[PDB]
């Protein structure tokens, strides 16, 4: 813990927790590739259990970074191609709006307006097929971006089909185990519940509810230590010894589409470094309920750029998470909290910390 990191982290996060009334928080800073950990407050207010480096937080849409990397690993295995039609992996999807919609479009939210959430009514595999068959795109494929769990969720499910494995087993064996993320879970096992923080929403304790495509879109829980290790793996994929996983991480940071100053990867989003802080700060707003934005295709996709701000926000009803890193500077941050507080306050704190260290 060098005093400078200690000082910028406490100087930034202390007022963040006060203003946002966050019950519990863990932060990791990766600096010159080494992790430094900080924690505050309570994993479980009622039971007086503190946040520790072993506390599990719900990552919410940060889970989409794992789905994009797992998809990247399947491409690198030669199991799928992003240029494949969706129907190649789900031939029961016969409705003609699907002609021309590829795995790329599903992975990058550019299928033509798939909705943010899969309806609660949708449970069984037959419900899911009915839902997609009935879905009417607002736009031609590859023209507009509309962030959507029903889009990347479906990408994650289709992407593991040729493997033979369930999504969870594919994720454990191909991503969590090789990276030694041994306290990262799609389903929290009973032995681990003692570490699982409660989320707080309007001051009620809550955990994420089951739903269709939950594992694929928002269902991972992890510790600050594992998430530091996730950032390290994404900062420096060349250190990873599993050839397809290395390549997969690299593919998830390729630049597929541009809107404004942002580039869409698989799960990750990226901006050129140095970034305008107001551009990433205002650019995070899950207070715009639906922003549909025109995309320009990057033909062909640019390979992972080292001078990028690579990041992802994520929330559940009770949790707020943020991950950001700059490959060229070997520098990153993870912030995990058990309240869903506004995204601009996350990116502002993250930028203030990494700016000061850069």
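For the two forms, the rigid core is made up of the largest set of C-alpha atoms that agree within 1.5 Å on superposition. Residue numbers count along the first chain shown, from 1.
Stretch 290-298 is the one, of 290-298 and 323-331, whose CA positions lie farther from the shown form in 9 other deposited structures of this protein once all structures are superposed by the rigid core.
Looking at the other PDB entries for this protein, residue 284 is absent from the model in a third or more of those that include the residues around it. Mean C-alpha B-factor is higher over 281-289 than over the other stretch, the pair under comparison being 128-136 and 281-289. The question of which stretch, 348-356 or 1-9, has the higher mean Cα B factor is settled in favour of 1-9. Comparing C-alpha B-factors across 214, 84, 92, 168 in the deposited entry, the largest value falls on 92. In this entry, the residue among 144, 223, 99, 187 with the greatest C-alpha B factor is 99.
For residue 164, the recorded CA B-factor ranks within the highest third of the chain. Only modelled residues enter the ranking. Among the modelled residues of its chain, residue 115 has a C-alpha B-factor that falls in the middle third, as given in the PDB entry.
The PDB entry assigns residue 313 a C-alpha temperature factor belonging to the lowest third of its chain's modelled residues. Annotation for residue 58: CA B-factor lies in the lowest third of the chain's modelled residues.
Among the modelled residues of its chain, residue 46 has a C-alpha B-factor that falls in the highest third, as given in the PDB entry.
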